[PDB]
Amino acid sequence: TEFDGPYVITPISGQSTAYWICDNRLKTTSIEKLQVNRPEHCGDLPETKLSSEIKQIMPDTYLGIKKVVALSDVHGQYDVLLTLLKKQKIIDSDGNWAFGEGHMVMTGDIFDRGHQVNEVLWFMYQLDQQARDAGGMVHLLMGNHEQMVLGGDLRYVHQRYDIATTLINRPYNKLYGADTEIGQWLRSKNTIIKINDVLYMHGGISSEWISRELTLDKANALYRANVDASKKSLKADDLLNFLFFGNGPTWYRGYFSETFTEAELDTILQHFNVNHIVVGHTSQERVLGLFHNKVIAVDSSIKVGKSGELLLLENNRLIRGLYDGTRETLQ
């Protein structure tokens, strides 16, 4: 018995439509008053109030933010994510934003591997709005998997989603295209941001970024404008080629290389005028710091589906939030 969704289509003017996979059967509903309500016989699929404002493109640079929490690579593990957030009191008993005016930075990779991808997406979409309502903010950054899915690289999509692509009659990448609520939401997000003296991105920044004289604004804009480009077009343009692949911000794993040095790291820190760089992408056994904590790895292997951790940046300290709800100071 499989339940999945909803997959919401949002036209320019028209009313939105929701597709639900319920017991391997398709259910289609017309959204009224921006309220996405699940049909009868559709298990416990997520229901959410559609928002216009959270699809607005937001700045990629922030100052004077008192508290920030970072985590990454949920990879469809909703239960783990929810447990971690409740244990660390980021959300309340009902699973609603409880971080006040704080900012959350999810450095990408919600998609793939896991079996609760839509659960994670709709939850994050809701948090996005709830955070804004509280005067806080949710920074959902695009990871390499978000780029892969939207672009058509489906090698890591969980097999259970073949049901959806079959019933809704369209490939997985089109289940999150520009005509879908989630797709529109994702296409408004940044890929690299800076909060206070910290830089955040999925993989990491390599020296090539400096060679190309890139800026957060130019990069984030290109990412949004080309996430739907053909692989041919992306690899043809050497700038887009760098941004979207191997040595780029969403794929670079150099910070976890044996040959990478703190000296080289310093040149990168100095280039952005930051003291730390928070990255996901390369899975660790726990949230940890490298090079005297100049780099903080926040991919705590939530993808494994058993546990996860987060990073809390407040009062100039770097704190590790364990799955059991306890904390350990890194710096």
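Residue positions are given as counts along the sequence shown, with the first one as 1.
In this entry, 26 to 34 has the higher mean Cα B-factor, the comparison being between 26 to 34 and 281 to 289. As the entry records it, the average C-alpha temperature factor is higher for 12 to 20, out of 318 to 326 and 12 to 20.
Each of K55, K49, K303, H276 has a CA temperature factor in the record; the biggest one is found at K49.
Within the group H103, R113, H202, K232, the record's highest C-alpha temperature factor is found at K232. Ranked by C-alpha B-factor against the other modelled residues of its chain, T215 falls in the middle third.
In this PDB entry, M148 carries a Cα temperature factor that places it within the middle third of its chain's modelled residues. Sort the chain's modelled residues by C-alpha temperature factor and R170 lands in the highest third, per the entry. Remark: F123 belongs to the lowest third of its chain, ranked by C-alpha B-factor as recorded. Compared with the other modelled residues of the chain, the Cα B-factor recorded for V68 ranks in the middle third.
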